[PDB]
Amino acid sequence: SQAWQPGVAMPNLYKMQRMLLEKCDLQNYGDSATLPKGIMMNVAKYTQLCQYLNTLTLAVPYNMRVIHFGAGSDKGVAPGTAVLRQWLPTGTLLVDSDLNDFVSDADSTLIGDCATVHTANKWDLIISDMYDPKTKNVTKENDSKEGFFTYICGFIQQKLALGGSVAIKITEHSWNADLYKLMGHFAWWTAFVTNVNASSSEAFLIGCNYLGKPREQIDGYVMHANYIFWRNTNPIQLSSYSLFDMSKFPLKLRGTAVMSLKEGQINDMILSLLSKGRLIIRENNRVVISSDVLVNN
């Protein structure tokens, strides 16, 4: 019955194991889903991610603020941004970014390494597709990767509003232990595999309703080993089925309350509202962004 869902989320019992890290060997490696005529993998993948995010308790305020890293394709367009703009309520402010130049439907686009991106405001949702194929080296030890993952971890801790959520792409080899540890700072978390791309070790690590403190203590090396163990022992049938029913696709505008509060004012009552998708804590000023430019000869 998984074939009619948008994808498969890591079952909770697998999160509780203490597996050793193994090589990822997917039974359905190299199979492919049959996409609807003329639909790109990236559109299908983001559509299924958004369909799954519709099932979670995302905070959806007025003036929602969403930022999308890794949004450029090698053809210079932004398919994932186009799906996000379709999904998010009209009037949502959407910013995207990538190392390479591209044209986008986002409200603003920054070109450069994500480490150069700075924002004045906090954000309600962070989406990342960033990935370096140089990490797929099967001939060497699979350790926690830094690069753009270091930026993402700091960016969550500094610029994600309390109550906000994230979806960060990982793979067998493209992962970071601190990012898994940060999943314990949300009210709930999972690793989500799209049904269209189930032949790949990619998943989106989803943190749902940021609390700004450790709710649970997660060892990221162990948790990534748990993720691979799940993938190794649970073949996922490739499926496009959910792409053909878009009647309920748009994210529900919940009008979630936005409050400004200071560290000492976050009590158990506030933490409960945050945990239920019913509160966003940040300022509601102007959204201002920038990219650092290195000047040289």
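Note that residue numbering follows the sequence shown and begins at 1.
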Original post:
So 131-139 or 218-226, which one's hotter by mean CA B-factor in the entry?
Top reply: 131-139
**OP:** Give the stretch, out of 257-265 and 229-237, with the larger mean C-alpha temperature factor in the deposited entry.
**Re:** 257-265
Original post:
Looking at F69, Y46, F249, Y62, which has the highest Cα B-factor in the entry?
Top reply: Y62
**OP:** Identify, among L273, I289, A9, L13, the residue whose C-alpha carries the highest B-factor in the deposited PDB entry.
**Re:** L273
Original post:
Lowest, middle or highest third: where is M41 by C-alpha B factor in its chain?
Top reply: lowest
Original post:
Which third, lowest, middle or highest, does the CA B-factor of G212 fall in along this chain?
Top reply: highest
**OP:** Check where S242 lands among this chain's C-alpha B-factors and tell me if it's the lowest, middle or highest third.
**Re:** lowest
Subject >> Chain-wide C-alpha B factor ranking for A33, given as lowest, middle or highest third >> reply: highest
Subject >> CA B-factor placement of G80, once the chain's modelled residues are sorted into thirds >> reply: lowest
